[PDB]
Amino acid sequence: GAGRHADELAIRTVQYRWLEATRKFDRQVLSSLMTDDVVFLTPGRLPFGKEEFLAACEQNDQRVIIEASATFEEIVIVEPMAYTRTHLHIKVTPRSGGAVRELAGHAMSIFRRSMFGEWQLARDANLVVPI
Amino acid sequence: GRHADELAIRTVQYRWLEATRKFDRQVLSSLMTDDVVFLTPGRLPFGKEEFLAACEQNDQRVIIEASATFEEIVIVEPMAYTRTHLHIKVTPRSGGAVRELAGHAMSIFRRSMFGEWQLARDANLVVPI
């Protein structure tokens, strides 16, 4: 039990840090939370990796303010991997003064634990769509 | 072993596709855990009976051609995760508009004690094209 609980705590820690480093953009923190081989999937787009994700986040932050609220639905550990499900609601506010946009939907993630006990995002499927 | 497990997974994927091209409820049911959760864009998570019912109803209405390319298979027993690229062609039996969909699915499989690899969690991001 203790082991599972500690792993769940560490994974939730990654998820919360990820959210904070998106609301207030922090490239260095985000980069540290994902594996070098990370793959992201979103609907209507080809899979993309770490540098693509970070570049987009950075550019996006130049243009918009992001608010994000998560409702966590599950974490399952099968060490040294884990899989999660989360519901996300996102509000995007253009810095220019343009119209506010909202998106929502579920995201499924796979995390990997290193030999040093470090949990990181390895694979993500994000089904957030405009609402 | 790892190799046997990867083969078993590709086999499940092939059987799943075959049981969609020519609908077979029993084959599909046997390839999912009872607690399976499916995610698709714009829809609430749904489970095993919901998936089977939808497939069955779909099959009354349309013919499905499906194609898949496996991009990744990783085994961490008793789990595995995969990424696949899919193309689907939908042909209404009524002669209505043929449709195409494409995109990716990320899947998590669990090995049962009898050693059956079954789909446990799926995110299917296929969209109309």
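Throughout, protein chains are lettered first and strands after them, A, B, ... in sequence-line order, and every chain is numbered starting at 1.
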Distance only, no hydrogens: is a donor on one side chain within 3.5 Å (strictly under) of an acceptor on the other, for A:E73 and A:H87?
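No - no donor-acceptor pair under 3.5 Å links their side chains.
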Separation between [atom1] of [X] and [atom2] of [Y], rounded to the nearest 0.5 Å:
X	Y	atom1	atom2	value
B:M79	A:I77	CE	CD1	11.5 Å
A:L33	A:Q15	CG	CD	10.5 Å
A:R101	A:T93	CZ	OG1	9.0 Å
B:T20	B:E65	OG1	CD	12.5 Å

Sidechain N-carboxylate O distance under 4.0 Å for [X], [Y]:
X	Y	result
A:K24	A:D61	no
B:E18	B:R21	yes
B:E6	B:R10	no
B:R25	B:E49	yes

Testing the basics here: between B:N124 and A:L127, what is the closest heavy-atom pair and its distance to 0.1 Å?
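Closest pair (atom of B:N124, atom of A:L127, distance): O-CD2, 4.2 Å.
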Do B:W16 and B:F109 make the cut of ring centroids closer than 6.0 angstrom?
no
Check against salt bridge (charged side-chain N to carboxylate O under 4.0 Å, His left out), A:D37 and A:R123:
CA-CA 9 Å; A:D37 76 342; A:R123 306 289 183 272; 3.0 Å; yes
Sidechain-backbone polar pair: B:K89 side chain, B:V98 backbone, donor-acceptor under 3.5 Å:
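No; zero donor-acceptor contacts below 3.5 Å.
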Would you say A:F25 and A:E58 make side-chain contact, with heavy atoms under 4.5 Å?
yes
